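Given as structure tokens, the chain that follows is alone and in the form deposited in one PDB entry.
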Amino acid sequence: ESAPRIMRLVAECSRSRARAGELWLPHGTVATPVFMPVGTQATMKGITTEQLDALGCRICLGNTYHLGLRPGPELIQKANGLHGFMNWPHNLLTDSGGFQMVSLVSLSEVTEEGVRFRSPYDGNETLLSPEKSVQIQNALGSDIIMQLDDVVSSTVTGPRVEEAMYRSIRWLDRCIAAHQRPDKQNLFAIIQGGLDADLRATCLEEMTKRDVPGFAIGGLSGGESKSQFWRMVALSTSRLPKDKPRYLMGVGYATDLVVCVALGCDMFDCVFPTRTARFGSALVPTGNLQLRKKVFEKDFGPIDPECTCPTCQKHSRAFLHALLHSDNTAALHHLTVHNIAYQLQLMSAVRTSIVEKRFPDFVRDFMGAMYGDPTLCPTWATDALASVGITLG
């Protein structure tokens, strides 16, 4: 009487909680752990979906909030849905549109009925209810659709956190009932609770009672402490079902990815690679190369001789160093292609080490290259790794 499972576990680390798996979605199989870039082209500065396809990306994020006349998710009235609008043959994960509404507008109010917004020019009100959030996602046809949740700042403390956690449970059940096409789209729940161990445990116990295809860990991209960050992640994965995906939203730093894979997470997203490129910085196994600095002026090697991305096939560090100072826009595009490929290659290398039963050794190699010697790893990541049985040498 159980719903079909979209995830297949290929290998599990004998020490940590690391998992190598496959997502079987309507638009093809996705290898996990997977970083998911933003396929939405709401930015002049970015990477096209055709280039994401060339990099091997088989699932990306896509949303329509940036379209239309008013803020909030928008219907596109396209025959082929958001896949046709994006020209994307692969998998799409679509947000609810609620986080962007309460975060960017800042004039929105959250009630039990949904997210409300009074127009700036005339005061016309747009209400984003769980019914309306799912009806839009059904029309977009995305492969994975996210629950509309009551998002609170992780730093904000008080009954508001508990209020949002219970409201997210009530909204989750509203999204389930309103969700047509469960044969084509997978609705994920979002675990709330902020930094409170008892609130998240209540949300974990309650939300896992629903038979949604996947579960997401929300409310942790905020500026909390790294100790509270990894503890809430480990708490979540310790009580989420192992036979279903775990989506940790908003984490993109290389060290945060390796640790949270070791904590049992399967899916990630973050605009960190794009923002890193705009500082003239390229992601490497040792951190990031600040290519604007003149040490690369006559450095004609690629960013990374091991990287397979087109930027490292065609352009050198010197060309990018000069391009950052003569055409900053074109250089941002080349670094964006690389930084996104580094994320893809990092996740692919993590998965290979889990399949080959050498994930703990992979983490030591990663920390040594990232921080000099694995013992120089940040204290918070040492605590998180040791809590699942990975010590650094």
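Sequential numbering from 1, following the sequence displayed. Think of the rigid core as the biggest set of C-alphas that the two forms share within 1.5 Å after superposition.
Although not depicted, the form deposited in another entry is the subject of the following passage.
Checking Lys184, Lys242, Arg278, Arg160 for C-alpha shifts of 2 Å or more between this form and the one not shown, after the rigid core is superposed, gives a single hit: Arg278.
The rigid-core alignment places the CA of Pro73 2 Å or more apart between this form and the one not shown.
Once both forms are fitted on their rigid core, the CA atom of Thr111 lies less than 2 Å apart between this form and the one not shown. Once the cores line up, the CA of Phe296 ends up 2 angstroms or more apart between this form and the one not shown. Whereas the shown form places them at one spacing, the Cα atoms of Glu112 and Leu75 lie at least 3 Å farther apart in the other form.
The distance between the CA atoms of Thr64 and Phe85 is at least 3 Å longer in the other form than in the form shown here.
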